[PDB]
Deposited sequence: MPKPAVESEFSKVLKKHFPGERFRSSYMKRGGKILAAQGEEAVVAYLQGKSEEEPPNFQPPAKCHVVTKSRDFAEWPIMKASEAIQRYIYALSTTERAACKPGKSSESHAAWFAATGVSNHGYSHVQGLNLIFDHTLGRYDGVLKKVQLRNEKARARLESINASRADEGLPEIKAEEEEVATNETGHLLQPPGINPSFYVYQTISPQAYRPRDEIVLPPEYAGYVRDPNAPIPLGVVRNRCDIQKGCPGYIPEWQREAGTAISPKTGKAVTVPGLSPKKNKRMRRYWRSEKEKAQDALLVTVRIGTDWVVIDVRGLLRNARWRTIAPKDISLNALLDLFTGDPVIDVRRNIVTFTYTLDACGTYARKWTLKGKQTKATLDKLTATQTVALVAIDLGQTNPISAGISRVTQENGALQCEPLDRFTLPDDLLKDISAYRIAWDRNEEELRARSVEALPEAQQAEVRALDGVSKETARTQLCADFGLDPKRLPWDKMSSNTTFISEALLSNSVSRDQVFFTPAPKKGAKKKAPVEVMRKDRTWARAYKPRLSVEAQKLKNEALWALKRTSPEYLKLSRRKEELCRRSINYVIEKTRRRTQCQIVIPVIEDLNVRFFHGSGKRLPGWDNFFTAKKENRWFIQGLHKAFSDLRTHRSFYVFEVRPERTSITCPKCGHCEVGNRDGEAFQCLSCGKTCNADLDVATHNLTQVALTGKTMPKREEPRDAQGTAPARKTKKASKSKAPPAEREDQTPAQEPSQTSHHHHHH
């Protein structure tokens, strides 16, 4: 529904889009102080690109009064949500809870859902808007998909009409309702405590109802004082007893030998960095407790205390926090509406647009939108153009250019081609070894969860598995083991079959008729090993794999490795960005990446060819293509980078990056 405010803005300010905060204030002035007084407010202050992004900052809950589920707001939110998601379409259209306290109570009575003693107009409006938003979102997404399919079919049908054969007439709308009007696959509830203004965090001051764990025994912190810096400036002055004492042998860089055991160990020494994070060490967990930044969030008779060291660290890293700063100043760097994660006890603050605001491009530019963007950015200054090509032998290959502009054209100086260093390649290898080791550790620890009898049964069979299959196969079909090469066995080789046919007993057991997913193919050696491995008893297998399932479900390791790979994918695009930026010596560097559809660029596991490695598990060899494609597409929004997804049409004319650049400088494929 069109708004009156849009009219005055569109009528006076055609192309001067303003950020959300100015929009809110400007509407209030218009509604109160007449139509003419918003123009005087919005004439002075405008932005070319309004910061529409707030980075997140995460802290840790210290203690609560009772579990979040008990809290009335969490129960009221749960009761409201699961009632609205089970409505039909017609009931939802005629279900208006107003934004006032009076309409809230009218709603809770006309529908019969209860609020368990909690009514804050601001809090309820958040739950109501989010729930109505999710309900319409699960309907919007389907409708958008129907529109997109129709548009795509229609547009291709123009070419089909133009010179095509008789064309597809139509296709069927995909609905997102049930036959009775209800919502099929409706969204699930969200357990997010969306904090608001009347509840916003504020510096802890001691009230008797709030009682803290025994470590925070005396907590005093003047919220308006400047929180001191922890470390002394050169940490080699701390003496023996006090915590955080850097021993002598670790100050100087070099290599030396330990007293207990003799190994040559490189020590880099104290880091010669100017933005190095400082790590602090306390004598006990009580001294650590007295050095926290505690803030409270109170909503009623039940509170929650949060530790804000997380926001300080996240603020000192972006350098948006002076070296002396108070707790209240720290809190004013962020919005007063955190998002508590109740099932993980993590609170997510965000920065105010003033503290750290950037533009976030909604989409990566493609097709015919690169040349026109390059026409604009190059009118004034020169912009570097790093072209990235992903693969599996070489994770990234990069070619840096500097696309300058001559009158009515775009030049492209080729500047430098490089690949990511051996350090990042070692980390990719070490991540794949860690994954294999974890999998082997899990396997070896599922074995220990069996009783001693089945435990021995599995241990023995796994120990002799390959020998048993080899000897059983040779004896059954008479093949001599020495005559047949074993180590040169691959996934599709046919060495067993040729030895069989050289013996020529029959062709029945070997050739087979693959059911189409009529050609006849001799069954391969991987198939022979599988069909001849000694299977383990059905009861022992059920126990063993159930133990493995249990260990896997409650394993902290998979989160470690997924985070490890993600941070290694981002680390490998930051080197790329920093290298192009220090070489091209230009403010603006925009990566140009292939428009690869990542769904088919997943890798696979690999086993070294051989008979011994038919019965082992596949070493993990998945490709980082998906990781790095997302990391560049995330570079678009986090740091307002331009990104170019550009199809690499093949040509003769190092070749892969040139062609990405060549389809960038011109929209045509």
| What ranges of the deposited sequence are left out of this structure? | 1 to 5, 523 to 529, 666 to 696, 713 to 763
